[PDB]
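Undergrad: Take a look at the following structure, please.
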Amino acid sequence: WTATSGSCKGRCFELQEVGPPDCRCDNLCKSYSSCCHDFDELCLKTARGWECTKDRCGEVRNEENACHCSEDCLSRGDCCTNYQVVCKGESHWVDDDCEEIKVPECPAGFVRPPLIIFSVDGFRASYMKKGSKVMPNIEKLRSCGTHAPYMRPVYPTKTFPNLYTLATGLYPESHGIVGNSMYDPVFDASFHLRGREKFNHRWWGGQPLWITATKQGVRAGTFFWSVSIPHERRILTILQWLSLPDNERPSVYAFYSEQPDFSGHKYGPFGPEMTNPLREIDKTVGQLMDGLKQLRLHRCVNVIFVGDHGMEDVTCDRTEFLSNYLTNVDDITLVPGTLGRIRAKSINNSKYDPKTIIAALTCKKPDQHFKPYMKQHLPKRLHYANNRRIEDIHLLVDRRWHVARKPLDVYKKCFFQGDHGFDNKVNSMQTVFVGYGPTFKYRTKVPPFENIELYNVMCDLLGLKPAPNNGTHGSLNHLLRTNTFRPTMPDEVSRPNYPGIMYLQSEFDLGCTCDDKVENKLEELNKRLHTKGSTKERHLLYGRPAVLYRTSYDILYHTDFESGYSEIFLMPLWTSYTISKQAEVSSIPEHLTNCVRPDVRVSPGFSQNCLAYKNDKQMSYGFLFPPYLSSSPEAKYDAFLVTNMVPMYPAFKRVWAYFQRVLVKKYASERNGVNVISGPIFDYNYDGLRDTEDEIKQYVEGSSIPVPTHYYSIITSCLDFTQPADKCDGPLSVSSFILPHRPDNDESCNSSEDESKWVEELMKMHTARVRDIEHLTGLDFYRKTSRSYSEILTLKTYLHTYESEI
Ligand SMILES: *[C@@H]1O[C@H](CO)[C@@H](O[C@@H]2O[C@H](CO)[C@@H](O[C@@H]3O[C@H](CO[C@H]4O[C@H](CO)[C@@H](O)[C@H](O[C@H]5O[C@H](CO)[C@@H](O)[C@H](O)[C@@H]5O[C@H]5O[C@H](CO)[C@@H](O)[C@H](O)[C@@H]5O)[C@@H]4O)[C@@H](O)[C@H](O[C@H]4O[C@H](CO)[C@@H](O)[C@H](O)[C@@H]4O[C@H]4O[C@H](CO)[C@@H](O)[C@H](O)[C@@H]4O)[C@@H]3O)[C@H](O)[C@H]2NC(C)=O)[C@H](O)[C@H]1NC(C)=O
Ligand SMILES: CC(C)Oc1cc(C(=O)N2C[C@@H]3[C@H]4CN(C(=O)c5ccc6[nH]nnc6c5)C[C@H]4[C@@H]3C2)nc2cc(C(F)(F)F)ccc12
Ligand SMILES: [Ca+2]
Ligand SMILES: [Ca+2]
Ligand SMILES: [Cl-]
Ligand SMILES: [K+]
Ligand code: NA
Ligand SMILES: [Zn+2]
């Protein structure tokens, strides 16, 4: 109940919310059915429109008008945005030349440059180039400020997950808004676009920017706008708030436009009906900048122009129906569309079985336009698993398609021509970022970056300490003229041991054999040097990774590779080696096919054993440094050490062997040498974070050898590829992946074919940021480069996406 008898007189768009049953006048009362009776009359005035005309100049203040052109309006802070242009001879902001904003030029009593976030729904990255002719205000922001060619949204590329990711710096799995539609089984409650459940605070985790600001004494404009409040009114309200006395004036503001998303759904991303929505957004930008100009704020405010996600061409005829795959279609609930999420329709049905549903959905039709996954097998770069609201079964839908349960759902729910929500690496889903103002750089292009990084920068812009989030603070320092955040490298927690030769071959009873008993001061003094680290500068180019957790591990040196060997997990945490452009690939000699060799630096008790692999009928083994890339026949023996061995399913060995035998040398040819760091990842609770030993769900049978969930590699070279990887004087270039260590290749529908037709495609799907590997391993890479730490943080957030040009 709200007793709507009170009045909004002098309360229009009040900044503090009043609690029921008192009537509300805030920009959200409409959405709650709670506004005072006189809200429309007083707060939503429209009389005479939004623009001054010549004859309105100097008029007598008529309070009925939507905005004013009288002499007193500047002092009242409620002129039409084009007032000084029509009436005082001024130019529109867009018509003025860019001039660098070296320092904030603010009115007295401004403690800090305000931040205005101008968010646009469905604003696809290529609109910046493709609509540039019809968006002069936006093009001026873009060319004069700091801009990225595009900004990567989070998965799923839906509105609520992305706007809340912008506000919090968190992945959807951590903030809790994991789609536009959700079921939480603990609450037994459902979140929907339409309705009241979505307003309950228990959905919204983390700490959004307006709360961070509030708690640290920085006042915030309310971020949310009821749909019926016209854009012109929203702009005028922000500008009015900017005229409040110092003690009352917010420092952070948000504007939101439903466009171009609204029209994009109806007409597709480039339908000819899309030009008008883009003109109109630009006009709104123009009104804001003209209004800031009148208030002398246009060289004071930091403005961020940011989208939530792009838009793709999607029509009703491109829909896949689960009813063409499943017999049991009515025993499932599907969340449908540009992603799929499946759970049992009833928790009382014990005939429901996720494994048979997945199998019925796997590679069933030649051109199938979705792929099923258990959520823990989705590409780790999506970070889409660790939340009870994400169903165990997930469908990744191809761009341009929908999935639905039955045909009746489509024709009894073509209307739409555009949609979004697909994998966040898809070009059509990319969106925009422009930063303009005293704190941003002047005329500066920055590389694409992820929207999870913005919360930190928005905190930097407002002098706030960010709550804990998934951005990497410092990775976007290059966007900023000042207010940079200068982090220190994390402290190493465990120091390595450097074992020498301490065991005799006969102390080992590992059930391993090697044909290696074939026999020199020349070549013995030499191999001693290699085991002491003589070639270490070649294979460890950026210093050793730091171990950021408490553990016991050994550094092992070799001619061709260096490793950090975990005495706890019985295998390396990391293995580092450099492959020059000139390197040669060899085969594993016939005599060495099953050769595994005890490592005399490492106790039998801290070693794997070959018997466990013999007994484990499902599990085989691979090597981290590949024997194919050995520098010489004698060096090859090092690759067969038991301390370079890791457990691998035979299905996975197909992937791994092709990566090591074919792809590494291919990358070395293309990039002028590469440095490779590979290792295992254990993430059995799919939380994106390193497992402790007591979290491991699977061991090689009969042993304490833990089975990795994933294998990673980080492949680094010189950004200037005219310099070889091992003699690089400047910026680095990186690509990484985190491959699921699976007992089958069901994910790859063409895997019966030769590895040259399917392996690289799989690896590309599992592309990753170094930072994702850091979380998963508790390691910290690139500790010793000649590069600034912020540049390295940027490199660690880089994702190689394999999409064509935007
Ligand atoms: C991305 O960045 C984010 C933010 O930094 C990272 O997430 C953090 O990770 C931390 C480590 O996992 C985690 O810390 C835990 O917090 C527990 C208390 O958490 C509450 O309070 C905080 C602070 O205000 C709050 O943010 C939390 O909010 C979560 O939960 C509510 C719903 O309950 C949601 O509304 C909200 O969206 C958020 O959900 C997300 O996180 C939770 C986990 O907390 C997931 O379950 C959800 O799926 C969702 O993803 C909470 O309200 C604290 O209790 C934990 O302590 C346990 O472990 C420590 C080890 O230090 C130990 O000392 C304790 O004994 C304790 O163990 C006990 O509990 C066990 C399980 O119940 C039990 O087995 C034991 O026997 C013990 O009884 C722990 O410190 C932190 O909460 C989240 N923060 C957020 C916002 O998600 C994230 O990791 C980053 N991702 C990547 C890939 O880097
Ligand atoms: C959700 C809420 C907690 O957060 C925010 C809410 C709002 C804010 O006020 N809104 C109003 C609209 C709500 C309803 N809605 C839809 O109707 C919708 C839109 C597009 C669709 N495509 N497909 N289905 C769709 C459904 C999504 C939400 C849109 C954001 N603005 C925000 C602006 C920012 C800004 F500007 F800072 F980025 C940050 C957060 C914001
Ligand atoms: Ca949206
Ligand atoms: Ca984990
Ligand atoms: Cl959804
Ligand atoms: K085996
Ligand atoms: Na297959
Ligand atoms: Zn949309």
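Residue numbering: from 1, along the chain as shown.
According to its header, this structure was worked out by X-ray crystallography, 1.9 Å.
Cβ atoms are placed via backbone N, Cα and C, with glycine included.
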Undergrad: Determine which of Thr81, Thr159, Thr275 appears in Swiss-Prot for the same Zn(2+) 1 site as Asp121, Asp308, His309.
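TA: The record-listed residue among the candidates is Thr159.
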Undergrad: If Swiss-Prot is the reference, give me the range from 25-46, 773-794 marked as region 'Required for secretion'.
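TA: Result: 773-794 is the stretch Swiss-Prot calls region 'Required for secretion'.
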Undergrad: Using only what Swiss-Prot says about Zn(2+) 2 binding by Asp261, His265, identify which of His68, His92, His420, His473 is listed for that site too.
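TA: Among the candidates, Swiss-Prot records only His420 at this Zn(2+) 2 site.
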Undergrad: Let me know which member of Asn137, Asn180, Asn451, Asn456 Swiss-Prot also records as binding 1-hexadecanoyl-sn-glycero-3-phosphate at the site of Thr159, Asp261, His420.
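TA: As annotated by Swiss-Prot, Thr159, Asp261, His420 share the 1-hexadecanoyl-sn-glycero-3-phosphate site with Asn180, chosen from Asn137, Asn180, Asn451, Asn456.
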Undergrad: Could you pull the disulfide partner of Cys316 out of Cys144, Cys414, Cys459, going by Swiss-Prot?
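TA: Matching partner in the record: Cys414.
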Undergrad: Among the disulfide-bonded residues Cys25, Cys35, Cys57, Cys512, whose Cβ has the fewest other Cβ atoms within 10 Å?
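TA: Candidates: the disulfide-bonded residues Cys25, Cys35, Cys57, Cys512. Fewest Cβ atoms within 10 Å: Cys57.
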Undergrad: Among the binding-site residues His265, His309, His420, whose Cβ has the fewest other Cβ atoms within 10 Å?
TA: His265
Undergrad: Across the 4 residues that the deposited model omits, what is the distance in Å between the Cα of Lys413 and that of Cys414?
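TA: Logged value, Cα of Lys413 to Cα of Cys414: 12 Å.
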Undergrad: Given the recorded positions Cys36, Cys52, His265, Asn348, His420, find the one whose Cα is closest in space to the Cα of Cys512 (disulfide bond).
TA: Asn348
Undergrad: Where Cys514 (disulfide bond) and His420 (1-(9Z-octadecenoyl)-sn-glycero-3-phosphate binding site) are concerned, what is their Cα separation in Å, rounded?
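TA: With distance taken Cα to Cα, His420 (1-(9Z-octadecenoyl)-sn-glycero-3-phosphate binding site) is 56 Å from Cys514 (disulfide bond).
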Undergrad: With respect to ligand 3, which members of the recorded positions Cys36, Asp121, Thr159, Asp261, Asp308, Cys595 satisfy a Cβ distance under 6 angstroms to one of its atoms?
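TA: The recorded positions passing the 6 Å Cβ test are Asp121, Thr159, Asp261, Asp308.
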Undergrad: Setting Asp261, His265, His420 aside, what same-chain residues sit with their Cβ within 8 Å of the center of the Cβ atoms that define the Zn(2+) 2 site, listed in sequence order?
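TA: For the Zn(2+) 2 site the neighbour list reads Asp121, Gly122, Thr159, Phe262, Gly264, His309, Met311, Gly418, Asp419.
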Undergrad: Of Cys52, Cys69, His265, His309, which is closest to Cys414 (disulfide bond) if I measure between C-alpha atoms? They're all recorded positions.
TA: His265
Undergrad: Could you say whether, by DSSP, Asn470 (N-linked glycosylation site) belongs to a helix, a strand or a coil region?
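TA: In three-state terms, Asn470 (N-linked glycosylation site) counts as coil.
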